[PDB]
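Look below for two forms of one protein chain, each set out as structure tokens: first structure 1, then structure 2.
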Structure 1
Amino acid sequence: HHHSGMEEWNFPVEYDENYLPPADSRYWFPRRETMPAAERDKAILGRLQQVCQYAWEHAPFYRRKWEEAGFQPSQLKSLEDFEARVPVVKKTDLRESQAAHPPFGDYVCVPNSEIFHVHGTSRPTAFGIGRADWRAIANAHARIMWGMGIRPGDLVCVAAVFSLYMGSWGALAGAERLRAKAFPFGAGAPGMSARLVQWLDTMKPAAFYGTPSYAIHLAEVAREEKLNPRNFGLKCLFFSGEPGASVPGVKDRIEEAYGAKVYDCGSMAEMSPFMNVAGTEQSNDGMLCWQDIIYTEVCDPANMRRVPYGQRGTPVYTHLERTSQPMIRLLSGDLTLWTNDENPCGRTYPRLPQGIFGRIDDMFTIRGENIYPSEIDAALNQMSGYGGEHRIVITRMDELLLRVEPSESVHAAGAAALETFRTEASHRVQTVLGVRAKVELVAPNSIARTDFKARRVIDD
């Protein structure tokens, strides 16, 4: 047994399948979840050394990538060495590896005979998950679902498509390991939602899994079917796959529609167990980073080194308990804010208070400061007077200009209504960015509208 007191802490992991926490325990693993972060970081470092050494020996993808970047496992002697020496893995590197070594790439590690399930992404990426990794996922997900207040015997509805995507399978595996009554109804086919609302009104689930948008659609289908969604008897709904569970307006509407608590969870399919970022019953706002399952680093995309707590960056993830297709510093490309304050549940994990929002796409620097176009887009979309289009113009790091469309009604209301909107837009942009921007208005329907992804940045 490990000197850290950490429960079933070993690599490769082999969890006791019959263990269930005492019924009065808040934590599935009290020590792993509440030990001082400094001691957990020491244990994490030792695990990263084991995992990197493991990939060096079983994955030519990593040995090659690391050798090109001048890294070798003997060099990993601190978490500072991990961020500075180990290069990040991109999705394009995974697709390249799978194209050169089909079907699963040369980072699979396990022999082909160990592959239990085949899943994938929406050129697609193939997931070849080993038996041992499937057990490691089910155990981590049961542990995190316990944290949400979900218990043995509870009826758990998994209402997400059961296909290629890791989402629904991960929730179902967690529900099975927890000894919950699993109700794998799924989603995606016409006529399903109207059938589900009758099943939920009869069966009375204690918990529901899906996407926030599907839960909003199911609430509407219920009212069309002359059913009250508050009568399904749900204690909670837990969501992954898209934003919404940490967006105040969206979360509040779902909590009101169902009369239950909403929990945010979910990193990436590549990062299963994806509930490694998840809220708890008491830390119900945003998500906790369950660091001893998967090591999350919120980084500055300019150098891929950890940003200080209270700052914004990109989640970078490392598997600590996977032997098949392990991910070592996979860049998410998402945006988030992390803190390390006391958590209401008592868990000593970093928190993502606003969950995951935006992207690193088309990021630029205005004198040391990283500016994210998604953040400027989010700030303007808080305004009822915003017309739906804007452009980002940079001159001389140095000068930041924003060309913004007001809506048709603001433009019709006159000169004073346009100026009030332009001044408020300047105030809101400064708040979100934390840097001064010049704001100029442009006539409604002046800027090009694209059905594709908008590329709103001009020059540098």
Structure 2
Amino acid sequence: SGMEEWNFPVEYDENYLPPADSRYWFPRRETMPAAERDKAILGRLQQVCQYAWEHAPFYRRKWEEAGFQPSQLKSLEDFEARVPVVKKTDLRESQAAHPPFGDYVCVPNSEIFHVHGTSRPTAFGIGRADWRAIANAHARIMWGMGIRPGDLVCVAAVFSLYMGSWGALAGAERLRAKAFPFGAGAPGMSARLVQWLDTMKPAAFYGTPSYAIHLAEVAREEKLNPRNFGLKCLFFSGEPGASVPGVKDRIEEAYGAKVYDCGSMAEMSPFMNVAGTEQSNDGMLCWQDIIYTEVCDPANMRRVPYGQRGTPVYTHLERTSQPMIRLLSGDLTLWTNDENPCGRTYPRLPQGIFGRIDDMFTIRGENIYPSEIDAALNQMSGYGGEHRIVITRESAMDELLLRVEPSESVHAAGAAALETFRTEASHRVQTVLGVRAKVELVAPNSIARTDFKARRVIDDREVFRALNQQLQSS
């Protein structure tokens, strides 16, 4: 194959740095013919499954139950059809019966390097070798975004249980960038951060797309201009936004920089296994030789053809601790296999990830993702930057209830101008989704902003009824 440092268990040269003129960290692995890579992926898949059968009674029990033995993995078609998907509920049960890390940990207790998790929570017990595998994978993909040694990288996501921040930091460290782990979560942090970004002038920023928006309002409230932060790029994970039309454009305009989309799941660190590149800057590429991504039909867990929508199912190819083999994301995406501007021979998620299938709600037989509402509103000049979707999953909904913020300039323009925006927001959303949308305007900057993931859906039956009844009276 000629694939750079292709071995299981993986063991990367910590001193390797690509030549300054190279677009790719690993030219072979990244640009080789896709059919050549798929051969080696299957080869690795066999190694991983044999490794899990040997060290994980979770996989040994699960596979035996579905009638699977690693010797039956003889093609990628055998993998999708014979190998049962892992659910997050299966991990929880394994952790409850085999505490703290479950019967899929594989490595001895003495190998565990870092303890992280979800916020029943699942604990991540990551071995020393996996932490190195994650740092190398992430430095590689960050290089793909045009981030370089010596660049100041601001990691502005909470450093706690959450894998996002640690993963971007490990990549920055391995990339030989100046890692700036400012973090997030504490009151007073954002006001101080904007001063640090104005002083330090970083080449790159990491966090959630929501935080980047909130930080520009803080920069402006703090009489600082966020275009003067010297940013060449901002790269995000954690939620949709970075591949959302009006959201991506708002962030790139506010900072005068490029926006990159990345991120699968925390269970799937190196989570940057799905990430956009400097040239293929829309959506994300599936870095197949790091983690094998399958976009599947949720009805049978088999790959959907390219150009079709489905759910990402992921498999670690370079992890010995808590390896995930065919973990069901529960997310919705579309994947294609056409030529990429960067020249990387990987499948792509051209519109990134739409959201979690469970987050979707139905109004008059029409399926709606919260990200579709966020996209339509952000493409409006009069929109204030925040909204809430008020629903009920207990009874059928005839209309969409929205609490939308107008801009301070729309507010300053008077009652008639506010009313003109409320009606135009309602119409736009109706034209986009094909559903009746009731809009209630709230005061500018009244809706809570976040430095983490935006939770815009209020699924309470009493809140829904109170709002509908109030909107019927007005």
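The term rigid core refers to the maximal set of C-alpha atoms that superpose within 1.5 Å between the two forms. Reference numbering: structure 1, starting with residue 1.
S.K.: Superpose on the core and compare between the two structures; which one of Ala379, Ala269, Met327, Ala219 crosses the 2 Å Cα shift mark?
M.R.: Single residue meeting the criterion: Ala379.
S.K.: Once the larger rigid part is superposed on C-alpha atoms, how many degrees is the smaller one rotated between the two structures?
M.R.: Rotation of the smaller segment between the two structures is 54 degrees.
S.K.: After superposing on the rigid core, what is the C-alpha displacement of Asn228 between the two structures, in Å?
M.R.: Rounded to one decimal, the shift is 0.3 Å.
S.K.: Taking the rigid core as the frame of reference, how far in Å is the Cα of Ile360 displaced between the two structures?
M.R.: So the C-alpha of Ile360 has moved 3.4 Å between the two structures.
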